[PDB]
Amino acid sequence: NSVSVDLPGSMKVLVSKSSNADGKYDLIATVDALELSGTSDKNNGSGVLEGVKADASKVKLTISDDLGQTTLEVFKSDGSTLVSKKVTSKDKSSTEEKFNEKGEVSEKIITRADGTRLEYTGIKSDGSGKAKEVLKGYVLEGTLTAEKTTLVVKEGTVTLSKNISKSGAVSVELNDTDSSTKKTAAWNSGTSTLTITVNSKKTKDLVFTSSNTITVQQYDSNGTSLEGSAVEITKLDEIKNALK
């Protein structure tokens, strides 16, 4: 019998059970309502399938040799210029892009394996644009340049900035415009922790975890020892509270 194969990106491909005289296998897939078909020199479901949208846009599904990654592309009706591209990688994260008439990326939505997202919109030819990080319970908003993404939360005279460098490195900074508060903060890249200090005493640790969450934990009034246990932020209002 022909073989149904589960693919990254919640798709399936059907591979012929045997090869033709050229050694090649037939592939068919249905994506939404669209029938795609192709030929492959592998027997496992990998290779290229093609079809069209009802509006004549060309569609291509490319499945990597080891089934680990899929790419779903839409093109102009002559197949020349990209219109959209969705890549699902082997961790099941995805990048979904839209392109302008010159084939330049104008939107990029990154969905991590845990469902959190980075949304880059209004992207211009210099790689600048608007940026949003979509977390569980809240969103952080800011801007993109080719150097970094900067997401900003303001509370009173305080501004918290989460930076994601072009390399993916996260750093966080805090600035208070009112010198009389004696409030500052230091970033520890080793533990992904911003420590806020008021009057030379530590007040709070904000941890930016590898699970794409933020936790807050207070220090004792001595300013030296942590107290209690860290609390996970569930809404933007709680980030603002941590900046008070």
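When you see a residue number, it is the position in the sequence shown, counting from 1.
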Average Cα temperature factor in the PDB entry - higher stretch of 20-28, 218-226: 218-226
Mean temperature factor over C-alpha atoms, higher-scoring stretch between 100-108 and 131-139: 100-108
C-alpha B-factor winner, where the candidates are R117, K162, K86, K76: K76
Candidate set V198, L194, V59, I63 [ranked by C-alpha B-factor, highest]: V198
Third of chain Cα B-factors occupied by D205: lowest
Assigned third (lowest, middle, highest) for the C-alpha B factor of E35: middle
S80 - which third its CA temperature factor falls in, relative to the rest of the chain: highest
B-factor third for the C-alpha atom of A54 within its chain: highest
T213, C-alpha B-factor rank within chain (lowest, middle or highest third): lowest
